[PDB]
Amino acid sequence: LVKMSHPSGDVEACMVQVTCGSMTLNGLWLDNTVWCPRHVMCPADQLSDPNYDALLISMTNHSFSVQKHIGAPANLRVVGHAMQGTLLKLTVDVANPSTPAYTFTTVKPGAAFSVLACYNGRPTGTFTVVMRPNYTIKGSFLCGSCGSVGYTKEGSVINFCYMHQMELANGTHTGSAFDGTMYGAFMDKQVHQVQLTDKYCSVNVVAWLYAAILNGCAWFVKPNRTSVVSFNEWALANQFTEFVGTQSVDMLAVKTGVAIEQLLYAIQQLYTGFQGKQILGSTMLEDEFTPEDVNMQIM
Amino acid sequence: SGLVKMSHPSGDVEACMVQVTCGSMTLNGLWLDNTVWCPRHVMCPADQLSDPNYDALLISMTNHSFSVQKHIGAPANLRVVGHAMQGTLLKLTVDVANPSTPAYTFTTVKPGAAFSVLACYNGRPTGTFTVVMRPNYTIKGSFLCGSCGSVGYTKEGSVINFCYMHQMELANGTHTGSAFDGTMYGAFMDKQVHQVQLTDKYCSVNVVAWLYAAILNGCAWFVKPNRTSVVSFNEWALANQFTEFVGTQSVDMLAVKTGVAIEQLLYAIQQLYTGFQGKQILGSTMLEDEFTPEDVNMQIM
Ligand SMILES: COc1cccc2[nH]c(C(=O)N[C@@H](CC(C)C)C(=O)N[C@@H](C[C@@H]3CCNC3=O)C(=O)c3nc4ccccc4s3)cc12
Ligand SMILES: COc1cccc2[nH]c(C(=O)N[C@@H](CC(C)C)C(=O)N[C@@H](C[C@@H]3CCNC3=O)C(=O)c3nc4ccccc4s3)cc12
């Protein structure tokens, strides 16, 4: 089991640098559109309390500059601007000839996606995270990473789901979907913001227990069962997300012969502590791997 | 913690992966300029995998024995016009130079150092991850049948350093391969026989970096005034499944920034190994050695 992200090449060919005044960050160029965080527009004196409508009104196409540094580098001309939630939709005069097939999806808590971290329009690293139940991610981002992009891929279509915007007071990160809505209803302004209390992603804990059984670690499997409905009611009071079955979990159920309901019962017992024992070398429940991960990695 | 498993963006290496077939055997290869590198056991008949005679096998080959195809991006009219064997790898010469060859070197990676892996099947990139070379010359990767010829690399400036070509999964979950000079890591053999790795060890210098990352995040309950010298720690390490600590400039920057000395963390390690005393560090109840000093310097700064 490793943290496995998609190959980033197709997304690399879409990264650009966006400049507005003396401010810069990353943007994503698809077709004739460049997407980027709207706080490019924001003077340093207005970061803590910005008026984005007033700021956008004071912009012309000419306020915005877009540079591509990767591939055959190019200057693009901004021929239109618009604001969509927390994102800027610039229109440019050239279409990206390396535009992949893509959609815009919103990731759900517990689901994994790949992030391409960039600075000044240059990809520097790639990693994968799961969206946390409190709609933050446990990333690795520094000043200037804003506009870095998160995505999944089904076959050859890339599903863009995340554009990075902020690091909260705790170690964690958040950003917006490409409809422009910030995950977790956080605000793109320079203010201290307190996230909700996080939860265990139940379906990923289940996936992880199936991975243990697949590896010969099954000491926690008992005949006792907890129904999904019973589990989900118990989950409300215990900081666990609602469990929603999928095809991937069922395949692990069929492969191991252990029913989902036996592991939901197991989670309720192990949540109190492992009483001296370990599971896959761990003393705590692991929710950072998905059923798809376990399926694919241990095919 | 602000620490993730950070790989280099794979686009450079994706544009170099190809599929190499010899008879009815297939795996991945690496296309750079007029050369395609792939594991030599693509030459071996399944009946003979357990005991190959790669010298005899190579004599038996002609240029026409090998077929190379690039499926991704712009595809492949690739004709093999030369072949050769270098250690456990084949070096094939092809008549088209890869137009997307990155600046590259071949360097052997050392235990404790991290590198990016591009996992591929039948010439198609499917995933990327990063690993640290274990002190017993294995990596804890995620590889299935057909991943052979997948590549591990690091990147310095514009220069890709290719350090690993995938070859085997040992009887534990664990993986090994060769450097591009042709030598298998750990002197394993590329043949279909059971092989036992040497015992693995904690990478002391990476554990030190991780504790520094803890201090940088305000997690410093484990820091005491007590110290253990490098010499005394390294003598302790031979007795306790830890690698020799070798300090570097990257570790020094961490020590200066935090104001906690390496030797304080060497003492902390000796205590934390015996037990975390019901506490955790960066969300872990056990020492973590899969993050390098360079990792912490880059990701936390
Ligand atoms: C009292 O203030 C705080 C209290 C407690 C926690 C806090 N967090 C933040 C906060 O996150 N600010 C956002 C900015 C806001 C406006 C979205 C921000 O700095 N994003 C970074 C990535 C950040 C930085 C650290 N690593 C993270 O990934 C980024 O790349 C860029 N920002 C700008 C801004 C202007 C121009 C170019 C760029 S580029 C402020 C804050
Ligand atoms: C009784 O012998 C054993 C006892 C105990 C543990 C063992 N492990 C291995 C062993 O690993 N063999 C090598 C192959 C050898 C010869 C280096 C191998 O299967 N490589 C795989 C990747 C492996 C497979 C599972 N996931 C891993 O990454 C691969 O991709 C390909 N192999 C071939 C082989 C021939 C033609 C095309 C391809 S393509 C043998 C063995």
# chains A, B, ... in the order shown; residues from 1 in each chain; ligands from 1
$ residues_around --residues "segment 267-276 of chain A" --least-positions-apart "6" --cutoff "8 Å" --atoms "only C-alpha atoms" --output "ChimeraX atom specification"
/A:205-206,283-285
$ closest_atom_pairs --of "chain A" --to "chain B" --cutoff "9 Å" --atoms "only C-alpha atoms" --output "CSV"
residue,atom,partner,partner_atom,distance
A:1,CA,B:142,CA,6.2
A:2,CA,B:142,CA,6.1
A:3,CA,B:129,CA,6.2
A:4,CA,B:129,CA,5.1
A:5,CA,B:128,CA,5.4
A:6,CA,B:127,CA,4.8
A:7,CA,B:127,CA,5.6
A:8,CA,B:10,CA,5.7
A:9,CA,B:11,CA,3.7
A:10,CA,B:11,CA,7.3
A:11,CA,B:11,CA,8.7
A:12,CA,B:11,CA,7.0
A:13,CA,B:11,CA,8.6
A:116,CA,B:9,CA,7.4
A:117,CA,B:9,CA,8.8
A:123,CA,B:9,CA,6.6
A:124,CA,B:8,CA,6.5
A:125,CA,B:8,CA,4.7
A:126,CA,B:7,CA,5.2
A:127,CA,B:6,CA,5.3
A:128,CA,B:5,CA,8.0
A:129,CA,B:4,CA,8.5
A:138,CA,B:2,CA,6.8
A:139,CA,B:2,CA,5.9
A:140,CA,B:2,CA,4.9
A:141,CA,B:299,CA,7.4
A:142,CA,B:299,CA,7.8
A:171,CA,B:2,CA,6.0
A:172,CA,B:2,CA,7.3
A:282,CA,B:285,CA,8.4
A:283,CA,B:285,CA,7.5
A:284,CA,B:285,CA,8.8
A:297,CA,B:142,CA,6.3
A:298,CA,B:144,CA,8.2
A:299,CA,B:144,CA,8.0
$ residues_near_ligand --ligand "ligand 1" --cutoff "7 Å" --atoms "only C-alpha atoms and all ligand atoms" --output "PyMOL selection string"
chain A and resi 23-25+39-40+42+47-48+141-146+165-169+173+188-193
$ closest_residue --among "B:190, B:95, B:181, B:290" --to "ligand 2" --atoms "only C-alpha atoms and all ligand atoms"
B:190
$ residues_near_ligand --ligand "ligand 2" --cutoff "6 Å" --atoms "only C-alpha atoms and all ligand atoms" --output "ChimeraX atom specification"
/B:25-27,41-42,49,143-148,167-171,190-194
$ write_last_selection --atoms "C-alpha atoms" --output "PDB file, in the first residue's frame"
ATOM      1  CA  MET B  25       7.252 -11.876 -23.183  1.00  0.00           C
ATOM      2  CA  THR B  26       6.588  -8.178 -22.644  1.00  0.00           C
ATOM      3  CA  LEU B  27       7.451  -5.414 -20.154  1.00  0.00           C
ATOM      4  CA  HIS B  41      14.719 -11.194 -18.482  1.00  0.00           C
ATOM      5  CA  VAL B  42      12.321 -10.172 -21.277  1.00  0.00           C
ATOM      6  CA  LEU B  49      13.299 -18.292 -15.882  1.00  0.00           C
ATOM      7  CA  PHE B 143       3.982  -3.149  -8.197  1.00  0.00           C
ATOM      8  CA  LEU B 144       2.079  -5.900  -9.993  1.00  0.00           C
ATOM      9  CA  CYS B 145       2.987  -8.360 -12.725  1.00  0.00           C
ATOM     10  CA  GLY B 146       3.925  -6.345 -15.794  1.00  0.00           C
ATOM     11  CA  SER B 147       5.455  -3.456 -13.841  1.00  0.00           C
ATOM     12  CA  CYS B 148       8.956  -4.697 -14.740  1.00  0.00           C
ATOM     13  CA  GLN B 167      12.624  -6.071 -11.630  1.00  0.00           C
ATOM     14  CA  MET B 168      11.309  -8.095  -8.745  1.00  0.00           C
ATOM     15  CA  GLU B 169       8.974  -8.463  -5.784  1.00  0.00           C
ATOM     16  CA  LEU B 170      10.548 -10.470  -2.974  1.00  0.00           C
ATOM     17  CA  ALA B 171       8.638 -12.894  -0.756  1.00  0.00           C
ATOM     18  CA  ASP B 190      17.102 -11.374 -11.842  1.00  0.00           C
ATOM     19  CA  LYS B 191      15.949 -14.978 -11.915  1.00  0.00           C
ATOM     20  CA  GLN B 192      12.795 -16.789 -10.870  1.00  0.00           C
ATOM     21  CA  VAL B 193      14.046 -18.090  -7.511  1.00  0.00           C
ATOM     22  CA  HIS B 194      13.263 -17.305  -3.882  1.00  0.00           C
TER      23      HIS B 194
END
$ closest_atom_pairs --of "segment 51-168 of chain B" --to "segment 231-245 of chain B" --cutoff "10 Å" --atoms "only C-alpha atoms" --output "tab-separated table"
residue	atom	partner	partner_atom	distance
B:111	CA	B:243	CA	9.2
B:112	CA	B:243	CA	9.0
B:135	CA	B:243	CA	7.4
$ closest_residue --among "B:68, B:76, B:57, B:269" --to "residue 20 of chain B" --atoms "only C-alpha atoms"
B:68
$ closest_residue --among "A:121, A:133, A:100, A:21" --to "residue 156 of chain A" --atoms "only C-alpha atoms"
A:100
$ residues_around --residues "residue 162 of chain A" --least-positions-apart "5" --cutoff "9 Å" --atoms "only C-alpha atoms" --output "list in words"
residues 105, 106, 107, 113, 115, 147, 148, 149, 150, 151, 174, 175, 176, 177, 178 and 183 of chain A
$ residues_around --residues "residue 82 of chain A" --least-positions-apart "6" --cutoff "12 Å" --atoms "only C-alpha atoms" --output "number ranges by chain"
A: 33-38, 41, 52-53, 55-57, 59-61, 64, 88-92, 180
$ residues_around --residues "residue 277 of chain B" --least-positions-apart "4" --cutoff "12 Å" --atoms "only C-alpha atoms" --output "short mmCIF file (atom, residue, chain, number, x, y, z; two decimals) with N, CA, C and O atoms, in the first residue's frame"
data_model
loop_
_atom_site.label_atom_id
_atom_site.label_comp_id
_atom_site.auth_asym_id
_atom_site.auth_seq_id
_atom_site.Cartn_x
_atom_site.Cartn_y
_atom_site.Cartn_z
N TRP B 221 7.48 17.87 22.66
CA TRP B 221 7.44 17.32 24.01
C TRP B 221 8.60 16.37 24.28
O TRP B 221 9.01 16.21 25.43
N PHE B 222 9.13 15.73 23.23
CA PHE B 222 10.19 14.72 23.34
C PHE B 222 11.59 15.32 23.46
O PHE B 222 12.53 14.56 23.70
N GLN B 271 15.37 7.02 23.31
CA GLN B 271 14.25 6.90 24.25
C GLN B 271 12.95 6.54 23.54
O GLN B 271 12.20 5.69 24.02
N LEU B 272 12.68 7.18 22.40
CA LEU B 272 11.41 6.97 21.72
C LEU B 272 11.32 5.58 21.12
O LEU B 272 10.22 5.02 21.02
N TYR B 273 12.46 5.01 20.71
CA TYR B 273 12.50 3.63 20.24
C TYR B 273 11.93 2.66 21.27
O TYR B 273 11.16 1.76 20.93
N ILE B 281 3.65 11.82 18.00
CA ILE B 281 4.43 12.85 17.34
C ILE B 281 3.94 12.94 15.91
O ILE B 281 4.02 11.96 15.16
N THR B 285 2.61 7.01 16.53
CA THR B 285 3.06 6.44 17.79
C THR B 285 4.37 5.69 17.64
O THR B 285 4.78 4.99 18.58
N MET B 286 5.04 5.84 16.50
CA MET B 286 6.27 5.12 16.21
C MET B 286 7.14 6.00 15.32
O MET B 286 6.64 6.88 14.60
#
$ select_by_dssp --residues "segment 51-206 of chain B" --states "strand (DSSP E)" --output "number ranges by chain"
B: 66-69, 80-86, 89-94, 104-106, 114-121, 124-132, 151-155, 160-169, 175-178
$ residues_around --residues "residue 65 of chain A" --least-positions-apart "6" --cutoff "9 Å" --atoms "only C-alpha atoms" --output "JSON, numbers by chain"
{"A": [17, 18, 19, 20, 21, 75, 76, 77, 78]}
$ write_last_selection --atoms "C-alpha atoms" --output "compact mmCIF listing (two decimals), in the first residue's frame"
# COMPACT_ATOMS: atom_id res chain seq x y z
CA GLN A 17 1.42 31.86 -14.22
CA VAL A 18 -1.13 34.65 -13.74
CA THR A 19 -0.15 38.17 -12.73
CA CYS A 20 -2.35 41.07 -11.60
CA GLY A 21 -0.41 44.11 -10.50
CA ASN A 75 2.61 34.90 -23.96
CA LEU A 76 -1.19 34.88 -24.08
CA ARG A 77 -3.49 37.89 -24.40
CA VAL A 78 -6.32 38.37 -21.89
$ closest_residue --among "B:53, B:35, B:197, B:105" --to "residue 84 of chain B" --atoms "only C-alpha atoms"
B:35
$ atom_distance --atom1 "atom CA of residue 33 of chain B" --atom2 "atom CA of residue 101 of chain B"
6.0 Å
$ atom_distance --atom1 "atom CA of residue 122 of chain A" --atom2 "atom CA of residue 294 of chain B"
19.7 Å
$ atom_distance --atom1 "atom CA of residue 112 of chain A" --atom2 "atom CA of residue 236 of chain A"
22.7 Å
$ residues_around --residues "segment 122-124 of chain B" --least-positions-apart "6" --cutoff "6 Å" --atoms "only C-alpha atoms" --output "ChimeraX atom specification"
/B:17-19,27-28
$ decode --residues "segment 227-240 of chain B" --atoms "N, CA, C and O atoms" --output "mmCIF file, in the first residue's frame"
data_model
loop_
_atom_site.group_PDB
_atom_site.id
_atom_site.type_symbol
_atom_site.label_atom_id
_atom_site.label_comp_id
_atom_site.auth_asym_id
_atom_site.auth_seq_id
_atom_site.Cartn_x
_atom_site.Cartn_y
_atom_site.Cartn_z
ATOM 1 N N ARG B 227 21.767 14.659 25.805
ATOM 2 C CA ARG B 227 22.371 14.521 24.493
ATOM 3 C C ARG B 227 23.048 13.169 24.381
ATOM 4 O O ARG B 227 23.482 12.592 25.379
ATOM 5 N N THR B 228 23.132 12.670 23.150
ATOM 6 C CA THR B 228 23.974 11.530 22.831
ATOM 7 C C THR B 228 24.870 11.914 21.666
ATOM 8 O O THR B 228 24.383 12.401 20.639
ATOM 9 N N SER B 229 26.173 11.696 21.823
ATOM 10 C CA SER B 229 27.114 12.026 20.764
ATOM 11 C C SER B 229 26.851 11.168 19.526
ATOM 12 O O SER B 229 26.209 10.121 19.594
ATOM 13 N N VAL B 230 27.375 11.612 18.380
ATOM 14 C CA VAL B 230 27.208 10.831 17.149
ATOM 15 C C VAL B 230 27.925 9.492 17.273
ATOM 16 O O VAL B 230 27.405 8.445 16.862
ATOM 17 N N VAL B 231 29.124 9.504 17.869
ATOM 18 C CA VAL B 231 29.915 8.283 18.026
ATOM 19 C C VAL B 231 29.214 7.294 18.956
ATOM 20 O O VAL B 231 29.115 6.094 18.662
ATOM 21 N N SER B 232 28.741 7.774 20.107
ATOM 22 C CA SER B 232 27.990 6.895 20.996
ATOM 23 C C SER B 232 26.677 6.433 20.358
ATOM 24 O O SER B 232 26.305 5.260 20.482
ATOM 25 N N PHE B 233 25.954 7.335 19.687
ATOM 26 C CA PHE B 233 24.731 6.917 18.994
ATOM 27 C C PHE B 233 25.024 5.853 17.940
ATOM 28 O O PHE B 233 24.285 4.867 17.814
ATOM 29 N N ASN B 234 26.087 6.038 17.154
ATOM 30 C CA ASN B 234 26.342 5.075 16.088
ATOM 31 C C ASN B 234 26.728 3.714 16.645
ATOM 32 O O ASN B 234 26.445 2.689 16.014
ATOM 33 N N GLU B 235 27.370 3.679 17.819
ATOM 34 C CA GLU B 235 27.639 2.399 18.456
ATOM 35 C C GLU B 235 26.342 1.772 18.959
ATOM 36 O O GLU B 235 26.133 0.562 18.817
ATOM 37 N N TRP B 236 25.447 2.589 19.522
ATOM 38 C CA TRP B 236 24.122 2.108 19.899
ATOM 39 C C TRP B 236 23.337 1.614 18.689
ATOM 40 O O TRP B 236 22.557 0.658 18.798
ATOM 41 N N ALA B 237 23.545 2.238 17.529
ATOM 42 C CA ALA B 237 22.710 1.955 16.363
ATOM 43 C C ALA B 237 22.996 0.573 15.795
ATOM 44 O O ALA B 237 22.080 -0.100 15.302
ATOM 45 N N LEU B 238 24.265 0.144 15.843
ATOM 46 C CA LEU B 238 24.635 -1.192 15.387
ATOM 47 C C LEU B 238 23.977 -2.274 16.229
ATOM 48 O O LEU B 238 23.723 -3.378 15.732
ATOM 49 N N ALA B 239 23.700 -1.979 17.499
ATOM 50 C CA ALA B 239 23.073 -2.917 18.417
ATOM 51 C C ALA B 239 21.554 -2.873 18.358
ATOM 52 O O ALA B 239 20.903 -3.712 18.995
ATOM 53 N N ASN B 240 20.967 -1.923 17.605
ATOM 54 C CA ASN B 240 19.525 -1.725 17.698
ATOM 55 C C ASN B 240 18.812 -1.527 16.362
ATOM 56 O O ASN B 240 17.747 -0.896 16.338
#
